[PDB]
Amino acid sequence: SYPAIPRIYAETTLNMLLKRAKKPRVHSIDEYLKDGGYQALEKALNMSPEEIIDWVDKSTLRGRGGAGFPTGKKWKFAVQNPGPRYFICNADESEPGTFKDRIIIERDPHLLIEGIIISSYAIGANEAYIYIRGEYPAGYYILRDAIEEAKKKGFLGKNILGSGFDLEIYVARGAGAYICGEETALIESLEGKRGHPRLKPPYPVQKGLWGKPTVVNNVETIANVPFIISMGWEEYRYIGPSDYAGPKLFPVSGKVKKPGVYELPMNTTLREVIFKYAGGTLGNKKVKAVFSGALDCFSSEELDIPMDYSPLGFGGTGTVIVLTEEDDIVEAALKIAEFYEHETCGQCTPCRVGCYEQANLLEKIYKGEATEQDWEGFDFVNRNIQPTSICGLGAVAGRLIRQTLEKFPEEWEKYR
Amino acid sequence: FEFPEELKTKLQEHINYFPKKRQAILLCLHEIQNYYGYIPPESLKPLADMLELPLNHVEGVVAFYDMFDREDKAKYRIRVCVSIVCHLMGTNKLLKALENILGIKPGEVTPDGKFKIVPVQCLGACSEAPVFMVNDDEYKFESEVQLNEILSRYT
Ligand SMILES: Cc1cc2nc3c(=O)[nH]c(=O)nc-3n(C[C@H](O)[C@H](O)[C@H](O)COP(=O)(O)O)c2cc1C
Ligand code: SF4
Ligand code: FES
Ligand SMILES: [Cl-]
C-alpha cells in the first residue's frame, strides 16, 4: 500500500514510455518482464560500456531536463576522467506545469531502474542515486519496493546477470526546494548540505559527487535508454520523423478539455498537442497564451511551431500550460513572478533581490497600487535578475515575464 | 532530549542506508517531522551527533528546506499548491472550502493542532489542478463536499 496519488490522465501514440504508465497503477517486475522488460539490460551487459555510450550518442537522445544536452556526449565526457564515477537520476521535477516524470516513477519504476542500470554500466558507475522531490512520497516508496524487486531477480546488487557488474541504487529525498533540480545543487543536497548551486566550471561530469565524475540525467532521458538498446540506435532515430529523435512526454495543463501527459513524437505541433490530442479548450475559447512551464510564453500566432529542440521549436521540457481568452496575462505573470521569488536560493544578489522585487512590484501593478516609479522599477528589475548569477534560475527568472510584456502589451497597458 | 526506540531505529536505518552518514540528513528530518508533526529544536542536537555533523550544519538544512517546520506542531499538514495552474483552476475555492471546514487560513494551525494549511509551489500534478496534500496523501480538489469527505479520513 502506497499514499494517495492524483489520477493524472496519460495518453500515447507511440506506446513506449507510457506502454504501462498510461494506466494509473504500480506495474510490478512480473508485469514489466511480461512486456519484455530487462531484456535490454541483458543485451547491454553483453556489450562493452563504450559500445553503449556509442549507441546512446548515435541515437541522438538529448536531455529531457530542459537543457537538451546530447546524452551520449555527456557520458563520453565523464568517462574521459578516472573513476570512481557516479550516476544520478534527477527526479526533482518542480517546474510549474511539469508532471511527466512522476507517472514513470509511480507506474513503471522498472522502466526507469533498467535505464539507470544500463546507464551506470555504460559510464562504469557502481553506485547510483535517484534524487526524488519530497512532495512525491509515493514515488519514493514505489521506487524502494521496485529496487528490492530488481535485487531479488538479479538485475541489481552484486554480479548482476552473471556479468560480474555490481550496482547499488540509493533513493534520496528532496525537501521542498526547486533549486535542488539544478544538477550542482542536487549533488550538494546528496552530500547532505543545503541545495546551493556551485560555481561552474568545475562541471559535474569532471567533478560532481565527492568531486568525482558524476552524470546527472533526467528521469525521462533515462527511460529512453532501454528502448535505444532494445530497438537499436537506428530504429530509434527513425521514430518521428523529426531531427530530434525519440518519444517525448508533454505534460499538458490549464484550460484544456483533457489535461494530462501525452507521449508524442517531437514533430507534433503545439496546435496539435492542444486541439488534436488534449481535446481543444474548455468552451472552445481562443488560446491567448501557452506557458512553457515558467520558462517561455507563446502567443496564439506561435501555435504552428514544432515540439522539438530546433531554434524555432517549442524547446524546454515540453511543458504546455494553456491560457484562454478569460485568463489575465498580468495575473499569470504574477504567479510566475511569485514562483521565482519563492525558489531563488539567494546566493547571488541580483537573483535574490531581483526575484523578490519582480514579484513584489508585479503584485502592486496587479492590485492597481503601483506608482510610475514602481512601473519603471519593474522594467529595470525584470531586465537585471541575470547579472553575476551562478545558475540557470537567475538567467531565466525574468524571461517569461519579458515575453508577456512584449507579446501582450495591450493587456499590460490596461494596468498602466 | 531522548528519541523514542521506534524513531531512533528508523533514524539509524536511514543513517546506515547511504555510503556516508551525512547523506541521510533529509530522510532523517522527514522521519522526525512524520513522528512529531514538526521538527522539535531540541531534536537537532541528538540528530547532529547521529550523522557526525555540527549542530549549526543541521540548523542550516532545516532552515533551507521548505518542507521542514521548526515552529508549528500539526498532526496533518495540508499542503495547498498556490502555483500558476492550480491558481488558474481554483486554489482560492479550495482555500475558501478549507476555511469553511477548518476555520483556518494558510500558515494557520487549527486550535486542537490537527491540521495546518501550508501554501506550497507546484506539486507536479498540474493536470489535476487545484492540488492539495494531507501529509503524504495527494488529491485533486473538486468541492467543499468532496473535501469534507477526504478530511474526515484524518483523525
Ligand atoms: C533551477 C533549475 C532547476 C532544474 N530542475 C530540474 C528538474 O527538476 N529535473 C531535471 O531533470 N532537470 C532540472 N534542471 C536541469 C539540470 O540542471 C540538468 O540539466 C539535468 O538534470 C540534466 O539531465 P538531462 O541531460 O537528462 O536533461 C534544472 C535546472 C535549473 C537551472
Ligand atoms: S542564480 Fe539564483 S537560484 Fe541560482 S545560485 Fe544564484 S541566487 Fe541561487
Ligand atoms: S501548478 Fe499546482 S500542482 Fe502544479
Ligand atoms: Cl493511450
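Both counts, for ligands and for their atoms, begin at 1 and track the order of listing. Order of the sequence lines sets the chain letters (A, B, ...), proteins ahead of strands, with each chain counted from 1.
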Using the ring-ring contact (aromatic ring centres under 6.0 Å, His included) rule, take B:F64 and A:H196 through it: C-alpha gap first, then chi angles, then the decisive distance, then the call.
CA-CA 9 Å; B:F64 178 92; A:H196 273 182; 5.5 Å; yes
Distance under 6.0 Å and angle within 45° of ring axis: A:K248 vs A:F250:
yes
Within residues 96-124 of chain A or reaching into it, pairs that qualify as salt bridge (charged side-chain N to carboxylate O under 4.0 Å, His left out) - sequence neighbours excluded
A:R20-A:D108, A:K100-A:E220, A:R102-A:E106, A:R102-B:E138
What I want to find out is whether B:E99 reaches B:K96 closely enough, with some N-O distance under 4.0 Å, to be called a salt bridge.
no
One thing to verify: whether A:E183 and A:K200 come together as a salt bridge, which I'm taking to mean a side-chain N less than 4.0 angstrom from a carboxylate O.
no
Just to be sure I understand the cut-off, which residues have at least one non-hydrogen atom under 4.0 angstrom from an atom of ligand 3?
B:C81, B:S83, B:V85, B:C86, B:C122, B:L123, B:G124, B:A125, B:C126, B:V131
Take the angle between the ring planes of A:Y262 and A:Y277 and call it parallel below 30°, perpendicular above 60°, tilted in between.
tilted
Please produce the table of protein N or O atoms sitting under 3.5 Å from N or O atoms belonging to ligand 1, one pair a line, distance to 0.1 Å.
{"residue": "ligand 1", "atom": "5 (N)", "partner": "A:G181", "partner atom": "O", "Å": "3.4"}
{"residue": "ligand 1", "atom": "8 (O)", "partner": "A:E93", "partner atom": "N", "Å": "2.8"}
{"residue": "ligand 1", "atom": "9 (N)", "partner": "A:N90", "partner atom": "OD1", "Å": "3.4"}
{"residue": "ligand 1", "atom": "11 (O)", "partner": "A:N90", "partner atom": "ND2", "Å": "3.3"}
{"residue": "ligand 1", "atom": "11 (O)", "partner": "A:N218", "partner atom": "ND2", "Å": "2.7"}
{"residue": "ligand 1", "atom": "12 (N)", "partner": "A:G65", "partner atom": "O", "Å": "3.4"}
{"residue": "ligand 1", "atom": "12 (N)", "partner": "A:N90", "partner atom": "ND2", "Å": "3.4"}
{"residue": "ligand 1", "atom": "14 (N)", "partner": "A:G181", "partner atom": "O", "Å": "3.2"}
{"residue": "ligand 1", "atom": "17 (O)", "partner": "A:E183", "partner atom": "N", "Å": "3.1"}
{"residue": "ligand 1", "atom": "21 (O)", "partner": "A:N90", "partner atom": "ND2", "Å": "3.0"}
{"residue": "ligand 1", "atom": "23 (O)", "partner": "A:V216", "partner atom": "O", "Å": "3.4"}
{"residue": "ligand 1", "atom": "23 (O)", "partner": "A:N218", "partner atom": "N", "Å": "3.2"}
{"residue": "ligand 1", "atom": "25 (O)", "partner": "A:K74", "partner atom": "NZ", "Å": "2.8"}
{"residue": "ligand 1", "atom": "25 (O)", "partner": "A:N217", "partner atom": "ND2", "Å": "3.3"}
{"residue": "ligand 1", "atom": "26 (O)", "partner": "A:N217", "partner atom": "ND2", "Å": "2.8"}
{"residue": "ligand 1", "atom": "26 (O)", "partner": "A:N218", "partner atom": "N", "Å": "2.8"}
{"residue": "ligand 1", "atom": "26 (O)", "partner": "A:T221", "partner atom": "OG1", "Å": "2.7"}
{"residue": "ligand 1", "atom": "27 (O)", "partner": "A:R64", "partner atom": "N", "Å": "3.2"}
{"residue": "ligand 1", "atom": "27 (O)", "partner": "A:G65", "partner atom": "N", "Å": "2.8"}

For A:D327, which residues count as a salt bridge (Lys or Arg N to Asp or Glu O under 4.0 Å) partner, sequence neighbours excluded?
A:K255
Would you compute the distance between atom CG of B:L98 and atom CG of B:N92 and round it to the nearest 0.5 angstrom?
11.5 Å
Can a donor-acceptor pair be found between the side chains of B:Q23 and A:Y170 at a distance below 3.5 Å?
no
